[PDB]
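Colleague: Submitted below is the structure of interest, expressed as structure tokens.
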Amino acid sequence: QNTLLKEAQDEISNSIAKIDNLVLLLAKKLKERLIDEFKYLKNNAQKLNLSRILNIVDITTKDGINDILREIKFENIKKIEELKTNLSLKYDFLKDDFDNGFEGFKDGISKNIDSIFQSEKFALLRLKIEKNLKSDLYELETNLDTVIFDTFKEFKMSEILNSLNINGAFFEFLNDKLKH
Numbered sequence: 489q490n491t492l493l494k495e496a497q498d499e500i501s502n503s504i505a506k514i515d516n517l518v519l520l521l522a523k524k525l526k527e528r529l530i531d532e533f534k535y536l537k538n539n540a541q542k543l544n545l546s547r548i549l550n551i552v553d554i555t556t557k558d559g560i561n562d563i564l565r566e567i568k569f570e571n572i573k574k575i576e577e578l579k580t581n582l583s584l585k586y587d588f589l590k591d592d593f594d595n596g597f598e599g600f601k602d603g604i605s606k607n608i609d610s611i612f613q614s615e616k617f618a619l620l621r622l623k624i625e626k629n630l631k632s633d634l635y636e637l638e639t640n641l642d643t644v645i646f647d648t649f650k651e652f653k654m655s656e657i658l659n660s661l662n663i664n665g666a667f668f669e670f671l672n673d674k675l676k677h
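According to the deposited numbering, the stretch in the sequence shown is residues 489 to 506, 514 to 626, 629 to 677, in order.
Structure representation (structure tokens):
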């Protein structure tokens with residue numbers, strides 16, 4: 489029991505000691528929209544292509560969510576390795592897996608919500624742009642608007658990542674309390 493208490497203290501000491516992807520996805524979506532506009536210019540322009548333009552927003556949101564899910568999986572793998580390191584408490588290690596999964600689900604829901612708001616704002620901006630012009634000037638306007646949208650997406654990534662880090666720290670504290 490004394491050795492287990494010492495190991496728990498060491499784990500607590502270790503715990504005390506120890514945006515760009517969304518922007519890239521937004522840039523890729525803007526490039527896809529520009530390619531669609533160029534294709535429309537080669538042919539003559541349709542409303543169906545404009546309607547399809549808004550689906551690229553959902554695709555970009557899905558890509559960002561994929562990155563977030565990969566990060567959550569990496570965090571879970573790190574937690575499993577930490578549990579494996581030294582044999583201090585097995586039941587406590589088993590318990591926190593459900594809490595980690597719940598935290599990941601909450602992070603995914605927050606990504607869905609905020610990214611969906613961002614995608615809706617981007618769609619509204621695209622509709623306003625359509626409400629027309631010299632093709633190169635239209636492409637430049639789309640670059641400006643989607644650059645603002647990409648900055649908003651990067652800010653969302655930063656703030657949500659800070660929130661996710663805080664949630665992970667809280668989960669680690671709960672696991673330490675359970676071990677105690």
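By construction, the Cβ of each residue, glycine as well, lies at the ideal position given by its N, Cα and C atoms.
Entirely within the stretch 516 to 595 and at least 4 residues each: give me those alpha helix (DSSP H) ranges in chain order.
Modeller: Complete alpha helix (DSSP H) runs here, min 4: 542 to 548 and 550 to 580.
Colleague: Would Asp-594 pass as a contact of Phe-652 if the rule is Cβ separation under 7 Å?
Modeller: Result no, Cβ atoms of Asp-594 and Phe-652 do not sit closer than 7 Å.
Colleague: From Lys-606 to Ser-655, what does the alpha carbon distance come to, in whole angstroms?
Modeller: So the alpha carbons of these two residues sit roughly 12 Å apart.
Colleague: How many Å lie between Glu-577 and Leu-630 at the Cα?
Modeller: Those two C-alpha atoms are separated by around 58 Å.
Colleague: Classify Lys-626 as buried or exposed, calling it buried when 16 or more other Cβ atoms lie within 10 Å of its own Cβ.
Modeller: Exposed: under 16 other Cβ atoms inside 10 Å.
Colleague: Leaving aside the five residues before and after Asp-647 along the sequence, list all residues of the same chain whose C-beta is less than 8 Å from its C-beta, in chain order.
Modeller: Here the set comprises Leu-517, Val-518, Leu-521, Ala-522 and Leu-525.
Colleague: Mind checking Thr-580: buried by the 16 CB within 10 Å criterion, or exposed?
Modeller: The residue is exposed, with fewer than 16 neighbouring Cβ atoms inside 10 Å.
Colleague: Identify the continuous alpha helix (DSSP H) that holds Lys-674 and give its terminal residues.
Modeller: Here the alpha helix (DSSP H) through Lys-674 covers 632 to 676.
Colleague: Would you mind sorting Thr-491 into buried or exposed? The rule is 16 or more other CB atoms within 10 Å of its CB.
Modeller: Its Cβ having fewer than 16 others within 10 Å, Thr-491 is exposed.
Colleague: By how many angstroms is the C-alpha of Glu-495 removed from the C-alpha of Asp-609?
Modeller: So the alpha carbons of these two residues sit roughly 41 Å apart.
Colleague: Measure the CB-CB distance between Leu-675 and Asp-592 and report whether it falls below 7 Å.
Modeller: Against a cut-off of 7 Å, the Cβ pair of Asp-592 and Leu-675 comes out as no contact.
Colleague: Does the distance from the CB of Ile-500 to the CB of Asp-673 come in under 7 Å?
Modeller: Their beta carbons are under 7 Å apart, which means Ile-500 touches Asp-673 by this criterion.
Colleague: Could you check which residue in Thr-643, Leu-582 and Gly-665 has the C-alpha nearest to that of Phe-569?
Modeller: Checked all of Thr-643, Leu-582 and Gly-665; the closest Cα to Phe-569 is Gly-665.
Colleague: Quick one: measure Cβ to Cβ for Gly-599 and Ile-560, integer angstroms, because I've assumed they're closer than 8 Å.
Modeller: Incorrect: roughly 11 Å between the Cβ atoms, too far for contact.
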